[PDB]
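Coming up, as structure tokens: structure 1 and structure 2, two forms of one and the same protein chain.
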Structure 1
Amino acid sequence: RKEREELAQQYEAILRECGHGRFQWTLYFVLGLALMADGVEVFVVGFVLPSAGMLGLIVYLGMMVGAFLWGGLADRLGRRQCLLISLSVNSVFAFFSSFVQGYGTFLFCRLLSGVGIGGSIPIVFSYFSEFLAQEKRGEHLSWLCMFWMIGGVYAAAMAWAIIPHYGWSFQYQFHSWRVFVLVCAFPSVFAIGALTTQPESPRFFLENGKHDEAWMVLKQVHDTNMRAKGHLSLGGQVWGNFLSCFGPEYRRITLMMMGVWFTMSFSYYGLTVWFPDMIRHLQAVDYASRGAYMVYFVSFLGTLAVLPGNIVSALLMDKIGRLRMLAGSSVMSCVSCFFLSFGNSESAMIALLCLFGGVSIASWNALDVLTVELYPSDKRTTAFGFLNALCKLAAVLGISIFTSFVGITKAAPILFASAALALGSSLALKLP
């Protein structure tokens, strides 16, 4: 009641006293490594597992399980400790999958690494947010979403360089897809190695009755900023946390948030996995009328296209508003997806999905900052993790359907995603 509000006000006051600029900008990279690992795994699942009947979409079920699990645990065990555990699991099994002599065993040891990386985004966003003050929280949570694209481009370049060929078979030994799989673990290994040097969030320590082990974290933040400026029953506890997200105070918020998350993720993941298929079909039909580098090129161009949108969102959200930014950017993403149909030619279709990405990254940034503004640290990571599990389910729902529609229908998935984003924007415009 009064204790929670007093704690939130006092923690915001102390966090604003600690200052911003050095500790936060270091933890930003330390956690961007984890997000880059997330993007790497997502790329390998969506655009490299088919290269070996949509059996690669089992890794997304793994990721949904892992997101829910690690998100729920991170609110009881710690944001940093559970980020360590999740990244460690992902890294160990991404390592394993390269030494494995099959696909029935490679897919399992990669499903478990997908489970690992499932809980990266919820914990990273809930963990970085415990260190950021109110007037910088949105702007500095918006820069994280670029590391996802950086990880995706990393994965695409490694694929095009080590395994540009479609040959991917496990039996011989010391292949070149094994080298790729090992090399795609590197962002995760660095993320965990760097993350073992950042302190667990002070908000979590305060919530966990650890006032001293929170004061040490806070004094570290202050000293780092200034010197550089100058001078089980645990399952029952996680269930309580989750069933609170649908209490009288969070049922409305949680349901509308679930809808926005699910629809945005459905549209985005379906569209982005379909678009290379659309390009390949377009060029195959063009050839009939008369590889991995194409996916790398479009990955690079998309990573550059979300850039101005990410910068504008990050710099503006503190004044345009998180609710308003989410609503407007979701409307713009809907309309740009509707326009995506016109790009009759590949040369023009690349640019229309560039537009989709550029105008939709602002909605994603607003969503990720809003799902941390609307929940308390007592349940922030559980709520974020559940909503990210919904995002992974949407990603399967969207990648399966749209891939099914590749050739048989021309502007089917464009219209599916336009309607989905319209529903998502309708829900987003209603949030508090």
Structure 2
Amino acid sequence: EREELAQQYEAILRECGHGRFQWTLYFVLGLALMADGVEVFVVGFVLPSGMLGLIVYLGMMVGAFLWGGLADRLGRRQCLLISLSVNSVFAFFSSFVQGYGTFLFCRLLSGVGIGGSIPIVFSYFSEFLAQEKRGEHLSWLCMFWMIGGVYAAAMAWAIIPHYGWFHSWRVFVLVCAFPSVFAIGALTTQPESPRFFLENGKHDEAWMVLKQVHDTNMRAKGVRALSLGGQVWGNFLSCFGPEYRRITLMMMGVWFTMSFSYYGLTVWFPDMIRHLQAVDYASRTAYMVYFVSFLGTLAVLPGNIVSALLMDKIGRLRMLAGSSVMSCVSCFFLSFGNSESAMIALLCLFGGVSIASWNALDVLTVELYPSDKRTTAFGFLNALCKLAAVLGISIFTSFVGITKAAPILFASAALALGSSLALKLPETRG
């Protein structure tokens, strides 16, 4: 059977243990994750300055789907390189645009290019880990997304603290697209994931890559489209086979509900705080939007740190359930606070409580699936997560003049479903 390879692969990985290659690559892929976070922030609160920016999320959905499909048929480095090239190129041309009609098209294309940055990055770094510290390392890697969000927020506040409606978004977009260019430049000098080569049958190339990794670690101590179009459906439609069906549906449900809840709440908080400030002003009778939720992303890092060292001591399923429950209880408790500083503190707490669940999610998604679908399934789940994000943003933007209890209960129900499904997932023996 085409299954008795992971044993020898992990025996080799544990024999080499951990060294400096898994730190160099850690940072190289963290750069791409940082660029993805920068893009997500730019599309979230900076772009709508007319909340039609969800077309960018749709573009990122299509991108994540396509890149997840193509990653295992083109490798985890060629696909990542192409995705980051498309992103950087289009997000750099977005600064020489002439208005909105073409600017939003360029941003949509950049989103399509950068959608396949979380799935490929996480799978690629998962195929270089010893599996006894896999969860902790992946959780640490996740922090670069928050670093990217913080970087984008700081640059946006320092450069463009105003509303679009001589040139501001041009220089701002250059600064925001710098990280993707740096990620490409740093990633040009990495080897394609060895497990991909082993699955392709080119065991010689996989052995060469593994030997190069060992050398790096030892320093211390036309018709082609048809073939590549029907073959990606092999990875996807097989992800609904008898073996991986219940796992995949539960995974889809967890991703959908929890991403929807998080994105809805993160768009809600700045709006509700702004409305409260407006009410305070009436009581007398965007320079702060990049401070709000920027402090949230800064206060999330403690949660990620607490969810990284304990990611393996407790388990990759307990952690998930016990973080989803806490996230749901925090969403319920959000209504308790009715101020500005209190609301900011509650937002920071909720972010720090949900980041642990997110990290457990990303560890479990890459652990469950085999080498063949480790990226196709992850890309599909990320596309569904972005669909849920679009739905959450659209729903939560509507709730302005409606009582906060409605969004509170909506997010609480979504997180309750997420927690139930996560607790209902299979064990870690997969």
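Heads up, when I say rigid core I mean the largest set of C-alphas that superpose within 1.5 Å between the two forms. All residue numbers here follow the sequence of structure 1, with the first residue given the number 1.
> Which listed residue (406, 61, 69, 374) has a Cα shift of at least 2 Å between structure 1 and structure 2, rigid core superposed?
The only residue crossing the 2 Å threshold is 406.
> When the rigid core is used for the superposition, does residue 99 move between structure 1 and structure 2 (threshold: C-alpha shift of 2 Å or more)?
No; residue 99 is a residue whose C-alpha shifts by less than 2 Å between structure 1 and structure 2 when the cores are overlaid.
> Could you check, with the core superposed, whether the Cα atom of residue 129 shifts 2 Å or more between structure 1 and structure 2?
Residue 129 C-alpha, core-superposed: shift of less than 2 Å.
> Taking the rigid core as the superposition reference, indicate whether the CA of residue 239 shifts 2 angstroms or more between structure 1 and structure 2.
It does not reach a 2 Å shift.
> Can you read me the CA shift for residue 43 between structure 1 and structure 2, rigid core superposed, in Å?
Displacement of the alpha carbon, after core fit: 0.5 Å.
> Superpose the two forms on the rigid core, then give the C-alpha shift of residue 17 between structure 1 and structure 2 in Å.
It moves 1.4 Å at the C-alpha.
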